[PDB]
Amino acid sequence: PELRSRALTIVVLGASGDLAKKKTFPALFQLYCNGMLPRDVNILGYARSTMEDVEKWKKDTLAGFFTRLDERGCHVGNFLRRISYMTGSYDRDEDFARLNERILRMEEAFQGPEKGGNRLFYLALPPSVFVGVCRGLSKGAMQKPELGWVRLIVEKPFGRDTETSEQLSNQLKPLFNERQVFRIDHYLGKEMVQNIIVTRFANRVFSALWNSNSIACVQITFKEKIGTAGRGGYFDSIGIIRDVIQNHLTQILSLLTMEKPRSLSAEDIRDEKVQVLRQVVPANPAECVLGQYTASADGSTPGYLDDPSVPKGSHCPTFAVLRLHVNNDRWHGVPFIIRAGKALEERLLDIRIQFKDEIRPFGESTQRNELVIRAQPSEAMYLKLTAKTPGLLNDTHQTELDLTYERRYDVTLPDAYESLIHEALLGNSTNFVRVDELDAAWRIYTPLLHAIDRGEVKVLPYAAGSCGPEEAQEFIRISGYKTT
């Protein structure tokens, strides 16, 4: 587009970090290979670490995390030629002046028709340095609006409750416009999450069914086999609710429950997401079951409390089932089950829309229909229903109408961060967390979170690799999800 006619500089701050090498640079590599970045793009790493050999770091460390190298015919050296590194602090104005000048040098070397350059700052940094970096960038590394735009990609956590998150947003207010800020929730870059809006509002079949008349229960599920060992106890102060429920699953919740937007423009969609989240009744201790994993039966995985970085009397939940209510006319009386756990029997992210029983004329010879959207693994959408048992026997059984992407489509689906970085470069804010959207999410869970920190909510043990605490399943059953 017009992205090609003007210089483009992508600055990865914290380029020496975990996210940078595992997600950011690999996503940028894929975007380069698909012709989604300009050939003459400049990617500038920025961090406090001194690089003795930049070429070696790029070839050995960075390139080690690139995927799909062999299948498609894209040269790695050409992409690495676009990457520079630079050393500097995250607080001193002298270093942000140096950063600006390095960008200027790259912008002047741009050979295209138009002058100046567009600047994308990716903040792959810890929350402790966030505000200082935003102040330095705002003060001394902004392009003037006439010569190009500035966009900020920022990562979670965004505070740890309503109050802390609001303070953080207020510090950003005078530094950047909300247009310029792109808050990542990387689940919004996943294929099947991106398809929710199309599934709901492009299809009469689902439009007509998507309310309390037909829907009995909605379940949103997150499972991982991995534990929280080797983090350095970073998880202990966060917990499973702050880590995935407050952001990833609430984002999914909002997409599943919002009204039809006025258009497909970014703000019309985000307006509806905020609108519905403000109608969610805040979670409370009585309508949740918490869990903290213990050592596995086979002995391989040690317990949460055996991690040397966690205090011995920690309430930190690694597992949680919540029952939420959305108080409006579309959703009244429909229980929303949100569950998320680490150290479980499988890796899973799925959405289950369980419809009401058709009581007659089949009674107990049928069961509830269910729309299942599985985002990972093996992404698929399928509709569970009752049919006649094939053949001469005249009986019933449950079956599916299936769409499994790896069988139907001959394409490799990109990592979430490829979609999102691309959309940030296009200037589309649809799949990024707006300031008021973030506030609405924290208000749902903050009362519960504060209760948990005071030690008022019981946390149940479960062996790593198990399905979680037994009373989680009983809680789900009485909540209205008929498991079958």
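Sequential numbering from 1, following the sequence displayed.
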Quiz item: Which of the two stretches, 324 to 332 or 142 to 150, shows the higher mean Cα temperature factor in the record?
Solution: 142 to 150
Quiz item: Which wins on mean Cα temperature factor, 255 to 263 or 303 to 311?
Solution: 303 to 311
Exercise. Have a look at 73, 361, 282, 377 and flag the one whose Cα has the highest B-factor in the entry.
Key: 73
Practice problem: Specify which of 400, 93, 357, 345 carries the largest Cα B factor in the deposited PDB entry. | Solution: 93
Exercise. Give the position of residue 350 by CA B-factor within its chain, expressed as the lowest, middle or highest third.
Key: lowest
Self-check item: residue 224 - which third its CA temperature factor falls in, relative to the rest of the chain
Solution: middle
Quiz item: Among the modelled residues of its chain, does the C-alpha B-factor of residue 294 lie in the lowest, middle or highest third?
Solution: middle
Self-check item: Position of residue 422 among the chain's modelled residues by C-alpha B-factor, lowest, middle or highest third
Solution: middle
Practice problem: State the tercile, meaning the lowest, middle or highest third, of residue 405 with respect to the CA B-factors recorded for its chain. | Solution: middle
